[PDB]
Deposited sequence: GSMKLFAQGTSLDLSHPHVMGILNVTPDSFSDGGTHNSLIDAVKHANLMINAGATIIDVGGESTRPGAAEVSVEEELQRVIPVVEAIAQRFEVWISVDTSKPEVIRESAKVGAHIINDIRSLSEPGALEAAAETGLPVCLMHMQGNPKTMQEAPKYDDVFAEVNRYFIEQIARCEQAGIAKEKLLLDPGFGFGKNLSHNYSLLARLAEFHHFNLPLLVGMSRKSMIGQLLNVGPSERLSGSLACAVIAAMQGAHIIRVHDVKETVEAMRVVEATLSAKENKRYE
């Protein structure tokens, strides 16, 4: 299983760590320095995000997002060999990012914005499709499912169809159940517990649980006290064959993933279920 972009490939025969590079508010210098620490810690993908997708967040203008994100994507693509995912919903950010070297479009809205689907298709880049109920402004008010796994799974069916029909080949797609995006605690753990069952699509799985409420609410601790919980989440996901793990704490996660890889390669079928 591989992805292809900007004349390189990403080998998904083992898990990859994706370092989080938040550029919501010298910012260019610091971002490049942070990217560098994460690369040295073993991150093979950097996720550059210029719009807060947190519960309650206000939208960011196209002009603000471009200014925050494009110089950062460019600088990294110029200096390092690492892959770059862009955490955006905007057609113009999608277009400009591809032009300065981004490898993956990571859209929490699964290209739902007017023009986003067509822009993503024109770039030819890999596209991550994430599940969210509602939108970031109200998703966490009262998340509700009869069956969270089935509803997330149905959603991936439809979005894969939607993408294929715009001329995005299945082989460019990644799936992400969207931990925290319109989900209470028990919804999140139902998804994590059944994560291996999303392999039926035969597509890369991407997960982001790092320092999120599904850890905080379980342990009753703030964002800075969540590393152990985050590693546990990462290991649980990678033990079930998750291909990319989106995290804040790269070094610790990479060490944990090495242990998982040694375990999985000793196994005769290469995955837990």
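Q: Could you spell out the stretches of the deposited sequence that were left without C-alpha coordinates, going in sequence order?
A: Missing C-alpha atoms (numbering from 1) occur across the ranges 1-2, 28-36.
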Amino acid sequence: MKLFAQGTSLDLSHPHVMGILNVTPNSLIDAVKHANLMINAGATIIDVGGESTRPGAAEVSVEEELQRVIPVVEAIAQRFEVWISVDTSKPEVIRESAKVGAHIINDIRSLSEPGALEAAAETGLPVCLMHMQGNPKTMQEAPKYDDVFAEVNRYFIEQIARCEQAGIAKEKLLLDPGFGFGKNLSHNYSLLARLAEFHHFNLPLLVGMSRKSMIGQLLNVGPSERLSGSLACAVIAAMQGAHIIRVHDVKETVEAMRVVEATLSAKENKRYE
From here on, numbers count along this sequence of modelled residues.
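Superpose the two forms; the largest set of C-alphas matching within 1.5 Å is the rigid core.
Q: After a rigid core fit, does 76-84 or 128-136 show more C-alpha displacement in 8 other deposited structures of this protein?
A: Between the two stretches, 128-136 moves farther in 8 other deposited structures of this protein.
Q: Relative to the presented form, and with the rigid core used for superposition, do the C-alpha atoms of 201-209 or of 56-64 deviate more in 8 other deposited structures of this protein?
A: With the rigid core superposed, the C-alphas that lie farther in 8 other deposited structures of this protein are those of 56-64.
Q: Does a third or more of the other compared entries skip modelling residue 15?
A: no, residue 15 modelled in all other entries.
Q: Where do the C-alpha atoms have the higher mean temperature factor in this entry, in 58-66 or in 209-217?
A: Taking the mean B-factor of the alpha carbons in each, 58-66 is higher.
Q: Comparing 240-248 with 32-40, which stretch shows the greater average C-alpha B-factor in the deposited entry?
A: On average, C-alpha B-factors are higher across 32-40.
Q: Highest Cα temperature factor in the entry, among the options 175, 121, 191, 104: which one is it?
A: Of the options given, 121 has the highest CA B-factor in the PDB entry.
Q: Quick one: which of 92, 151, 87, 141 has the biggest Cα B-factor according to the entry?
A: Spelled out: the listed residue with the top C-alpha B-factor is 92.
Q: Comparing against every modelled residue in the chain, figure out the third that the C-alpha B-factor of residue 254 lands in (lowest, middle or highest).
A: It belongs to the lowest third of the chain when residues are ordered by C-alpha B-factor.
Q: Split into thirds by Cα B-factor across the chain's modelled residues, where does residue 71 land: lowest, middle or highest?
A: Middle third, going by the recorded CA B-factors of the chain.
Q: Is residue 23 in the lowest, middle or highest third of its chain when residues are ranked by C-alpha B-factor?
A: Answer is highest: the recorded C-alpha B-factor places it there.
Q: Looking at the temperature factor on the CA atom of residue 182, which third of the chain's modelled residues does it land in?
A: Its C-alpha B-factor, which the entry lists for residue 182, ranks in the lowest third among residues of this chain.
Q: Relative to the other modelled residues of the same chain, rank the CA B-factor of residue 110 and answer lowest, middle or highest third.
A: Middle third of the chain for residue 110's C-alpha B-factor.
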